[PDB]
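To start, the structure itself, in structure tokens.
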Amino acid sequence: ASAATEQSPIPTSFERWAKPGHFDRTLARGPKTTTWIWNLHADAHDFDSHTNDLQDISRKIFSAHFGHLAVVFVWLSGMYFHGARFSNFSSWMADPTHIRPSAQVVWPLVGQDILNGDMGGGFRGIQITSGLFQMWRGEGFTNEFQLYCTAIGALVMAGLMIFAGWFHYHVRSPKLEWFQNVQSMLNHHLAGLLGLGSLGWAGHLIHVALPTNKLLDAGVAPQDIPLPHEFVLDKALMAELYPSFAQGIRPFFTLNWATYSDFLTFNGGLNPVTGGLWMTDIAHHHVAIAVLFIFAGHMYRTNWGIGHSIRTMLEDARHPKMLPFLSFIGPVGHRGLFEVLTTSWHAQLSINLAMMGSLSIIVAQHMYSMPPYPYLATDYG
Amino acid sequence: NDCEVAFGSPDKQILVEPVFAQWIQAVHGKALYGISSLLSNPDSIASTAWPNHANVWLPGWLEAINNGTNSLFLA
Ligand code: CLA
Ligand code: CLA
Ligand SMILES: CC1=C(/C=C/C(C)=C/C=C/C(C)=C/C=C/C=C(C)/C=C/C=C(C)/C=C/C2=C(C)CCCC2(C)C)C(C)(C)CCC1
Ligand SMILES: CC1=C(/C=C/C(C)=C/C=CC(/C)=C/C=C/C=C(C)/C=C\C=C(C)\C=C\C2=C(C)CCCC2(C)C)C(C)(C)CCC1
Ligand SMILES: CCCCCCCCCCCCO[C@@H]1O[C@H](CO)[C@@H](O[C@H]2O[C@H](CO)[C@@H](O)[C@H](O)[C@H]2O)[C@H](O)[C@H]1O
């Protein structure tokens, strides 16, 4: 307890598993025909039909989100494990222009090992086109043990995510007033999820990825490269690569930022060695958008007076307060939309799916033309 | 057969011969296979028309069915 918002019932019972259709009143009747079998999976996740309280539906949605995050962590663990056990990642790390990325080998069964093609270096496997190798090279991975460690960490995170979804429903589930705090959610997601996330990744890039990639582009063999923590540990090794790390974190507080202009570059092109974007330019990007997203997260009034109220901003966007040619939306405007979006989960899901699909399309159109990983643009598959 | 040929084994295909239609090809006088059936057998009851010997169609028809260049009873 810390915010006094939980005390959820629905005791973890086992008997409620041998009675399919328990969620719907007509689904728990008694099958009769076969349409029931198909109806079982047609509205299994539709928690809106099952019950009528918005708070119970919100609790169910929150725990379903946690279980989904667990599924995605299991998938990530599997991808890192495939790159750490059934891959030619080290071979590709040595020669990423003549070796074909492969992270899947087929068992020698009926006619089946013909799918294991020669990938260069004597490796008989399937050529993966997921871009995992190019991503791991840019992040800072050099050997497969680091990939195995990341796989174990993702599996641990998956177990942790399936405990957070059981603890936020079967032990201490939030109240509806917590879910309706869109101001706090926007503040935290904008400043703590996106802002601090990209700030932490900029820290990783400045201390792990930029070193490793600079040595890789220089010509150093992958197991001749120091491990990332030495880049973090001693500043002499890191100051050999960059001469702006000799002044430490002093030019930042005294606002002498052009001192840092050799690892926060603003080149804006492609690395000729790798083919990907300039790694220093990437780190500078993440620093700038961290400063932008954190600053954006202090916009909405939460518990301290300062901020906006989205309800006020919505209710004021109306004639005669609009631009004169935009005044056709009338004297009510967006008045009832804050209560639409804080009481309907479907309205929120519609907006978020539209933005998520549009942003995935934007991701597709920005990664062929500005290839953001080493040796990505040349692997056309 | 697709999965055998794709996995580099055209020899492991299941190839079943149409033995009944190959035999009906033989009962008309096709010597393409090793089936000495009715009109393929030159001194058979069907080929000779024993009491009558009036099948005056037999040599002309076997000049055409054995001719492996027309479409009459393709292999
Ligand atoms: C100790 C383990 C445990 C037990 C005994 C229960 C028991 C219960 N839970 Mg549950 N829960 C758990 C863990 C557990 N939970 C965890 C770890 C989470 C976080 C994800 C949840 C989150 C959760 C929610 C949101 C809800 C419940 C509900 C319920 C109750 C109804 C059961 C039911 O719906 O039939 C279902 C029987 C099943 C076998 C469900 C299987 C589905 C799972 C998630 C597997 C699907 C993932 C799939 C494999 C992904 C790959 C897809 C594949 C095709 C590729 C029941 C008493 C529901 C309730 O209260 O009913 C009113 C409710 O809505 N639980
Ligand atoms: C504008 C935001 C933005 C952009 C352009 C990037 C770009 C990049 N990131 Mg990322 N990142 C971001 C935000 C962003 N990041 C945030 C907020 C986090 C914390 C959650 C991260 C955490 C992160 C990790 C862990 C990693 C990266 C990596 C990368 C590089 C890989 C390619 C890629 O992601 O596709 C390009 C992405 C886009 C085209 C769109 C980004 C989607 C954001 C979330 C939308 C933000 C909305 C904002 C208002 C922008 C305006 C709308 C816009 C879509 C037009 C690339 C240069 C990888 C790397 O190795 O670097 C070399 C890597 O592993 N990032
Ligand atoms: C990849 C991956 C993974 C991993 C992850 C990780 C590894 C993590 C992390 C991490 C992180 C994420 C870290 C970070 C951090 C951080 C941050 C975020 C920071 C900050 C800060 C700040 C903001 C500052 C402030 C201040 C100022 C302003 C000045 C004065 C001082 C002070 C302090 C006050 C896993 C395995 C899970 C799974 C798979 C995937
Ligand atoms: C797109 C996508 C994806 C990916 C994702 C990712 C990769 C992500 C994320 C994310 C991230 C990247 C994140 C993050 C985060 C971070 C955070 C959230 C933080 C923080 C903070 C803090 C909490 C800190 C604290 C501290 C400490 C630690 C101590 C000292 C002080 C300080 C303050 C510094 C996938 C494909 C999978 C799927 C689909 C979608
Ligand atoms: C205006 C009234 C019309 C009424 C028509 C009624 C239909 C008439 C049917 C005519 C049928 C002819 O069918 C009969 O076939 C026999 C078959 O051996 C022919 O026989 C033929 O076979 C021998 C082979 O040994 C041939 O070498 C020869 O050219 C010929 O004789 C007869 O010559 C003919 O008489």
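Just so it is clear, none of the values below were taken in a lab; they were calculated from the coordinates. Ideal geometry is used to build each Cβ from the backbone, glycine not excepted, and the neighbour counts take in all protein chains shown.
Just report the Cα centroid separation between segment A:115-132 and segment A:174-233, whole Å. About 30 Å separates the Cα centre of segment A:115-132 from the one of segment A:174-233.
For residue A:60, a cut-off of 26 angstrom between C-alpha atoms picks up these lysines, skipping any fewer than 8 places away in its own chain: A:19, A:175.
Once you order the gyration tensor axes a ≥ b ≥ c over the Cα atoms, which shape class does segment A:324-364 get: rounded for a/c under 1.5, otherwise prolate or oblate by comparing a/b with b/c?
oblate
Rounded to the nearest 0.05, the FRET efficiency derived from the C-beta distance between residue B:41 and residue A:166 at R0 = 51 Å is 0.05. In terms of its Cα atoms, segment A:7-107 spans 62, 39, 24 Å along the principal axes, sorted from long to short.
The eigenvalues of the Cα gyration tensor, multiplied by 5 and square-rooted, give chain B an equivalent ellipsoid with semi-axes of 36, 13, 7 Å from largest to smallest.
Taking all C-alpha pairs of segment A:53-151, those more than 19 Å from each other amount to 51 percent.
When each of the peptides B:40-46, A:8-14 is scored by the mean number of other C-beta atoms lying within 10 Å of its residues, the order from highest to lowest reads B:40-46, A:8-14. In this structure the amide hydrogen of residue A:127, modeled in the peptide plane, comes within under 5 Å of the amide hydrogens of A:117, none closer than 5 places in sequence on its chain. Over segment A:295-355, the Kirkwood radius and the radius of gyration, each from Cα atoms, give a ratio Rg/Rh of 1.04. For segment A:281-325, the Cα gyration tensor yields ellipsoid semi-axes of 31, 18, 5 Å (square root of five times each eigenvalue, largest first, whole Å). Put simply, when A:200-211, B:1-12 are sorted by average Cβ atoms within 10 angstrom per residue, most first, you get A:200-211, B:1-12. Our analysis of segment A:128-278 gives Rg over Rh at 1.06, with the two radii drawn from alpha carbon positions and Rh computed by the Kirkwood formula. Rounded to the nearest 20 debye, the dipole size of the protein assembly as shown about its Cα centre is 1380 debye, using +1 on the Cβ of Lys and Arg and -1 on the Cβ of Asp and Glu.
Excluding same-chain neighbours fewer than eight residues apart, the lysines reachable from residue A:235 by a Cα-Cα span under 21 Å are A:214.
Per the Debye formula with a single identical scatterer at each Cα and no solvent contribution, what log10 I(q)/I(0) holds for chain A at q = 0.14 Å⁻¹? Treating every Cα as an identical point scatterer, log10 I(q)/I(0) equals -1.32.
Inter-label distance, residue A:221 to residue B:64: 8.1 nm, where each label sits 7 Å from its Cα along the C-beta direction. So if we plug the beta-carbon distance of residue B:2 and residue A:17 into 1/(1 + (r/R0)^6) with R0 = 35 Å, what FRET efficiency do we get, rounded to 0.05? The formula returns an efficiency of 0.25 here. The Rg/Rh ratio of segment A:221-348, with both radii computed over alpha carbons and Rh defined as the Kirkwood radius, is 1.22. Computed from Cα atoms, the angle from the helix A:144-167 axis to the main principal axis of chain A rounds to 10 degrees.
What are the equivalent ellipsoid semi-axes of segment A:210-284, built from the alpha-carbon gyration tensor (square roots of five times its eigenvalues), in whole angstrom, biggest first?
Working: eigenvalues 95, 66, 12 Å².
Rounded to whole Å, the semi-axes are 22, 18, 8.
One quarter of the surface of the convex hull around the alpha-carbon atoms of segment A:135-178 equals 4.6 nm², the direction-averaged projected area.
Peptides A:74-80, A:319-325 ordered by packing proxy, namely the average of other Cβ atoms within 10 Å per residue, highest first: A:74-80, A:319-325. Seen from every direction in turn and averaged, the convex hull around the alpha carbons of segment A:206-245 projects onto 2.5 nm².
Averaged over the residues of peptide B:3-15, the number of Cβ atoms from other protein chains lying within 10 Å of each residue's Cβ is 2.
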